[PDB]
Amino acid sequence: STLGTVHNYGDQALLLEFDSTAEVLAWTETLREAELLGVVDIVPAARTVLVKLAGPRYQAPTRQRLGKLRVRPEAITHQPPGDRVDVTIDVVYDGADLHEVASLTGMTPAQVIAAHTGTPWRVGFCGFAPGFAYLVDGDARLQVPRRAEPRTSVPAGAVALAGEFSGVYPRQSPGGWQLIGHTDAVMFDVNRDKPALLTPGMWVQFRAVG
């Protein structure tokens, strides 16, 4: 598989478009392994990859190098090997939208909690805020749309859902995701040896407090 659309993102970055998160993740590793000259950062997201460059001079040469890259695997994983999960996050399922998620998914609140805790999630990529991890490969039944309008304030440790993702809000902030509960786990701490609790590639298990 070859690249799709490659936009110039200003004069010193390139925005790569993809049809799925699975393709975003596969291409991220390919780009990361390619160790391209002038690349400052590789920013995977839901349907794109932003390749940030050291200067405008790198733009056209990087576009050319990108054309020679081929998606290294094409065969990917959606289950934790050895059944060992990297981290377990304990959640109190008292979220504001728990009953709404139940209605939208065609499940009861009990089934929502059981689905969220029953299938481990993989941290696909980080974005939004320091320590905010977009989780993938969890229970597909949980797929729920974003809120019509974002909330002004969502509490720190808010466990949420949107589209194919789950995630934990590291600090109090505005948010448009569907809130199902909260955790007392510290997602981000600048003084901790590993500042962000969740790193891309890690497998997470959610566990209900009770």
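The numbering used is simple: start at 1 and walk along the sequence shown.
The PDB entry records a higher mean C-alpha B factor for 141-149 than for its counterpart among 38-46 and 141-149.
If you average the C-alpha B-factors over 49-57 and over 154-162, the higher value belongs to 154-162. Sorting 89, 126, 92, 107 by the CA temperature factor given in the entry leaves 107 at the top.
The entry lists C-alpha B-factors for 11, 23, 17, 193, and the highest of these is at 193. Looking at the C-alpha B-factors along this chain, the one for residue 63 belongs to the lowest third. Ranked against the other modelled residues of its chain, the C-alpha B-factor of residue 3 as given in the entry falls in the highest third. In this PDB entry, the Cα temperature factor of residue 184 sits in the bottom third of its chain's modelled residues, the lowest group. Ranked by Cα temperature factor within the chain, residue 136 sits in the middle third according to the deposited record.
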